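Here is what each chain is made of, one letter per residue.
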Amino acid sequence: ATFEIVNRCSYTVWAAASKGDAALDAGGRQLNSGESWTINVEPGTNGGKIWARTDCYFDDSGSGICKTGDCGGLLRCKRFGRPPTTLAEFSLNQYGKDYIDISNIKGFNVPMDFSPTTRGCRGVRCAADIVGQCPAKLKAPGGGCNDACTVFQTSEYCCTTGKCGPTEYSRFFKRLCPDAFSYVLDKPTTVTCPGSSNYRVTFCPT
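Thresholds, definitions, all that
- Residues numbered from 1 in each chain as written, not as in the entry; some residues may be left out.
- Heavy atoms only, no water.
- Core = buried A, V, L, I, M, F, W, Y, C linked by side-chain atoms within 4.5 Å.
- Buried < 20%, exposed > 50% of the residue type's maximum accessible area, 1.4 Å probe, protein only.
- Contact = heavy atoms within 4.5 Å.
- Pairing = 2+ DSSP bridges.
- Helix = DSSP H or I, 4+ residues; strand = E, 2+ residues; numbered from the N terminus.
- Axes fitted to C-alpha atoms, helices over the stretch in contact; angles between N-to-C directions.
- 1 Å grid on protein atoms, 1.4 Å probe; cavity = no way out; pocket = protein on both sides within 12 Å on 5 of 7 lines; lining within 4 Å.
- Points joined across faces, edges and corners; volume = space filled by probe spheres on them.
- Nonpolar A, V, L, I, M, F, W, Y, C, P; charged D, E, K, R; others polar.
- Disulfide = S-S within 2.5 Å.
- Polar contact = N/O pair within 3.5 Å; in protein donor to acceptor, adjacent residues only side chain to side chain.
- Salt bridge = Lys/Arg side-chain N within 4 Å of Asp/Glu carboxyl O.

Header annotation of the entry names X-ray crystallography as the structure determination method and lists the resolution as 1.48 Å.

Trainee: Whenever I open this one, the nonpolar core confuses me. Can you help?
Mentor: The nonpolar side chains of soluble globular proteins are, as a tendency, buried together. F3, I50, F90, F114, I130 and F203 are the most contacted members of the largest nonpolar core, which totals 41 residues. Setting aside residues no more than four positions away along its own chain, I50 makes contact with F3, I5, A16, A17, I39, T86, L87, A88, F90, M112, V201 and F203. If you look at the next biggest cluster of nonpolar residues, it comprises five residues, including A16, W51, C71 and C77.

Trainee: Where do I start with the sheet that holds strand β10 (residues 124-126) in this structure?
Mentor: The strands making up a sheet associate through hydrogen bonds between their backbones, and the pairing can be parallel or antiparallel. Strand order in the open sheet made by the five strands is β4-β1-β13-β9-β10, with mixed pairing throughout. Bordering the open sheet on either side are β4 (36-40) and β10, each of which pairs with just one other strand. Here the average twist between neighbouring strands, direction ignored, is 15°. Pairing geometry for strand β1 (residues 2-7) and β4, over five bridges, is antiparallel. The residue bridging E4 from the neighbouring strand is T38, located in β4.

Trainee: How should I be thinking about empty space enclosed by the protein in this particular structure?
Mentor: To find leftover empty space, one rolls a probe the size of a water molecule over the atoms. The final tally for this structure, using the stated rule, is one cavity of 30 Å³ or more. There is about 110 Å³ of room inside the largest cavity. Around the largest cavity, the lining is made up of 14 residues, and of these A148, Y157, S170, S182 and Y183 lie nearest the centre. Take the lining of the largest cavity: its biggest share by element is three residues, from helix α4 (residues 168-176). Residue composition of the lining of the largest cavity, by class: eight nonpolar, four polar and two charged.

Trainee: Please explain the state of the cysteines as it appears in this structure.
Mentor: Note: disulfide means a covalent bond formed between the sulfur atoms of two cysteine side chains. Under the counting rule described, the total for this entry stands at eight disulfides. Across the disulfide from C126 sits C177; the S-S distance is 2.0 Å. A torsion of 85° about the S-S bond marks the disulfide between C126 and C177 as right-handed. Here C126, found in strand β10, pairs with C177, found in the loop between α4 and β11 (180-181); they are 51 residues apart in sequence, far enough to count as distant. We classify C126 as buried; its relative accessible area is 0%. A residue is classified by how much of its surface remains accessible, and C177, at 2% relative accessible area, is buried. Here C149 is linked by a disulfide to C158, with a sulfur-sulfur distance of 2.0 Å. Here the S-S torsion is close to 100°, and the disulfide linking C149 with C158 is therefore right-handed.

Trainee: How do you make sense of the environment of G64 when you look at a structure like this?
Mentor: Note on placement: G64 falls in strand β6 (residues 64-68). Exposure remark for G64: the relative accessible area of 30% places this residue in the partly exposed category.

Trainee: Would you explain the environment of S18 in this entry?
Mentor: If you trace the backbone, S18 turns up in strand β2 (residues 13-18). Sequence separation of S18 and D101 is 83 residues, and the distance between their C-alpha atoms is 15 Å. In contact with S18, other than residues within four places in its own chain, are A23, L24, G47, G48, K49, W51, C77, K78, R79 and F80. Of the polar contacts made by the side chain of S18, one reaches the backbone oxygen of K78; its length is 3.0 Å.

Trainee: How should I be thinking about the pattern of salt bridges in this particular structure?
Mentor: Side chains that differ in charge, positive against negative, can pair when their charged atoms come close. A complete count under the given rule lists eight salt bridges for this structure. One salt bridge in this structure joins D21 and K19, with 2.7 Å as the shortest N-O distance. Overall, the relative accessible area of 48% leaves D21 in the partly exposed class. A salt bridge links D179 to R122; the shortest N-O distance between them is 3.3 Å. Of this pair, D179 sits in the loop between α4 and β11 while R122 sits in the loop between β9 (112-116) and β10, and the two are 57 residues apart along the sequence. By relative accessible area, which is 31% here, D179 ends up partly exposed. Residue classification places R122 among the partly exposed residues on the basis of a relative accessible area of 43%.

Here is the structure:
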């Protein structure tokens, strides 16, 4: 499957793509304002994620640091990034169907649209000013708006027992971005697309 990753933000982002134990494609690249990066994701990929990283410094070997979404200091991510990270999540070719969603379970750093470029399903977006409106206790110094699990590490926010409810903090994310997951047991906002669809992820869509 092809994903075109587009940076419409006015600032540089460092895109990342991983399935948690391996890179997808090259795993990461710098995207200046307006740049597009096309990656190929193997069919059958389960549990893939794409995110943006902000305020990164990398040396010649591709080693460095980012203020949001750092993936163990590497330009080319093999593992998932440090919150806060708005996430585009996907599982491809799962019994004939692809499943896509956007998630704020690991917080929010950059607004995002995640849409098919082929026919037969709808896209999803979270493009509100979550950082500007972020509750004081969730604001990340480096930028972004952390989720409450990351900040407080309780069973209720992390849904550790498999039982949890919405919270004042999850409801903040949900109010601003209804079509994104706000906590682990949120009513799913997953979209079902035809197997083998292609997609575009746009940072700062509006």
